[PDB]
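Understanding the architecture of this molecule
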2 protein chains.
Amino acid sequence: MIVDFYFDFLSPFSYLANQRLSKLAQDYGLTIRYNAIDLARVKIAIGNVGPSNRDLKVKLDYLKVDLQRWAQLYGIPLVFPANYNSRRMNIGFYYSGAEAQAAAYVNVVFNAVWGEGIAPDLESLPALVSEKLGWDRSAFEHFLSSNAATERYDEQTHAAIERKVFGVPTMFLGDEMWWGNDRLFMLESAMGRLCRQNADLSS
Amino acid sequence: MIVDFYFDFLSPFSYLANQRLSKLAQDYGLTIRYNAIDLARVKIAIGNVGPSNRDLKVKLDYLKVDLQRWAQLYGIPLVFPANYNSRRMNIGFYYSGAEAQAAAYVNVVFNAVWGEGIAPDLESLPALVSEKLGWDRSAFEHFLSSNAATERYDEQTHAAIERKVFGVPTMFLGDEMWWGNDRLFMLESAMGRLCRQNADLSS
Ligand SMILES: N[C@@H](CCC(=O)N[C@@H](CS)C(=O)NCC(=O)O)C(=O)O
Ligand SMILES: N[C@@H](CCC(=O)N[C@@H](CS)C(=O)NCC(=O)O)C(=O)O
Ligand SMILES: O=C(O)C(=O)/C=C\c1ccccc1O
Ligand SMILES: O=C(O)C(=O)/C=C\c1ccccc1O
């Protein structure tokens, strides 16, 4: 069974969605196709150009409580990094090869940025992540600055916009799209239905 | 047990939150304090001045699916009215006296506007609602245009802004605030905890 998952490492809701999806992948063997995209570009594309939630103090005060609530529900830490400069790490996703390595990348970077609150533009973060994944630090850093890497990122963000993605985390299963970690229960129900039909418990 | 509920009849998420809260009120006798407020004013107050979700076609296309999903979950119709001009009906809430009459007003107006898709500024809607509630149509319509009615509305919206309400539906229980029909599960859990402690099942 395949879910397409769209995220931007600047998003704490994406951090939560990624933890929950990864546990479905590990516990139930669900297949996730990962897509790192530019939330900024996708917003601009649909004309969503007002102030961001991050720039609206009263709303941000609440969302920080909401985020701690879900973190507690999921039994994980959630710590705000010093900035939302996620471009380099988003691009770095496209170095990953196989499913297992793409998932490991996404989990290591999310845990570093939103689990530990490490700035996503920290200059040593590519090396720290390379060590964890057993990658060649220098090859990885060279990839991060390559024209091809930015092209791959641009391509995927474009494909997301074509698919009517307007925010993150967004998940597709078949023709159904859900936006939000708080919609994963709907994805989980859709998944159960498809499991039952494929088991002939349901027509 | 008392929940403060903040809503604007223009909000379909508020329509959903109201259906779920009303069923808690009827099934479990939870006490709801209702507050009709001006979502527009509360947004402006916190600097949330970009385009609204209603003006962003790609996002609105998705939210209409989200809204049908929840409507199906709750076993209720949800039909978009022709406009979001909720001021008159919001003001009309402050005609209501007791809890039972305030709840009946809110349920009748929500069901008319978002259950049936009746324009909230329809000129005959005050009379239709008056008939349903056994009110004096003319007294009700006179109240709707009164300076006092607008003052009461302005007062409550102000009190909401002071309480750091930035959107609707918003629910408070004690010092905890949740925004969204999709957060009522958290309110329900908080409510269960308080029931258990008061039953001495939990410290
Ligand atoms: N209710 C959410 C909201 C997710 C959300 O606010 N995502 C942000 C990025 S973290 C977003 O896509 N903003 C774009 C928008 O609001 O249209 C959930 O619980 O995940
Ligand atoms: N995730 C929500 C969202 C509720 C929502 O989008 N509310 C609108 C009015 S219907 C709002 O308060 N907008 C203000 C904002 O986004 O800050 C829920 O499921 O109820
Ligand atoms: O770029 C954005 O639009 C944005 O607000 C992302 C950051 C965010 C969203 C929601 C809650 C907290 C937070 O930092
Ligand atoms: O006034 C607003 O800000 C607004 O978008 C309210 C309307 C709304 C919100 C979310 C989904 C559909 C919808 O009509």
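Residues numbered from 1 in each chain as written, not as in the entry; some residues may be left out. Chains lettered and ligands numbered in written order. Heavy atoms only, no water.

Looking at the environment of B:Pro51
Within the element layout of this structure, B:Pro51 appears in the loop between α2 (39-45) and α3 (57-74). When its relative accessible area of 36% is taken as the criterion, B:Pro51 is described as partly exposed. Leave out the neighbours within four places in its chain, and B:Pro51 touches A:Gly47, A:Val49, A:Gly50 and B:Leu56. (Helix = DSSP H or I, 4+ residues; strand = E, 2+ residues; numbered from the N terminus. Buried < 20%, exposed > 50% of the residue type's maximum accessible area, 1.4 Å probe, protein only. Contact = heavy atoms within 4.5 Å.)

Some points on the side chain of B:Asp8
Residues and elements named next belong to chain B. With respect to the helices and strands, the residue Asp8 is situated in the loop between β1 (2-7) and α1 (12-28). For the buried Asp8, no salt bridge exists, and the shortest N-O distance to an oppositely charged side chain is 7.6 Å, to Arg54. A polar contact of 3.0 Å, which involves the side chain of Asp8, links it to the backbone nitrogen of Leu10. Residues within four places of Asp8 in sequence aside, it is in contact with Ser14, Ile37, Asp38, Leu39, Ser86, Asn90, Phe110 and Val168. (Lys, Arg positive; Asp, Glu negative; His and termini not counted. Salt bridge = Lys/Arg side-chain N within 4 Å of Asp/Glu carboxyl O. Polar contact = N/O pair within 3.5 Å; in protein donor to acceptor, adjacent residues only side chain to side chain.)

Section: the UniProt feature "active site" in chain A
Residue and element names in this part refer to chain A. UniProt records the feature "active site" at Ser11, using the numbering of this structure. Position of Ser11 among the secondary structure elements: in the loop between β1 (2-7) and α1 (12-28). On the basis of relative accessibility, which here comes to 4%, the residue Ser11 falls in the buried class. (UniProt positions renumbered as here; feature names shortened; annotations may be inferred.)

Brief notes about the interface of chain B and chain A
Taken together, the contact pairs 27 residues of chain B with 27 residues of chain A. For the pair chain B and chain A, the two sides together bury roughly 2,500 Å², of which 62% comes from carbon and sulfur. Area buried by chain B at its contact with chain A is led by B:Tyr62, B:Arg69 and B:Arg183, which between them contribute 23% of it. Put simply, A:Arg183 and B:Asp66 hold a salt bridge, and the shortest N to O gap is 2.7 Å. Here chain B and chain A share ten residue pairs in polar contact between them. Of all elements in the fold, only α3, β4 (176-179) and α9 (184-198) of chain B reach the threshold of two or more residues within the side of chain B that touches chain A. Partitioned by chemical class, the residues of the side of chain B that touches chain A number 15 nonpolar, three polar and nine charged. (Buried area = accessible area lost by both parts, 1.4 Å probe. Nonpolar A, V, L, I, M, F, W, Y, C, P; charged D, E, K, R; others polar.)

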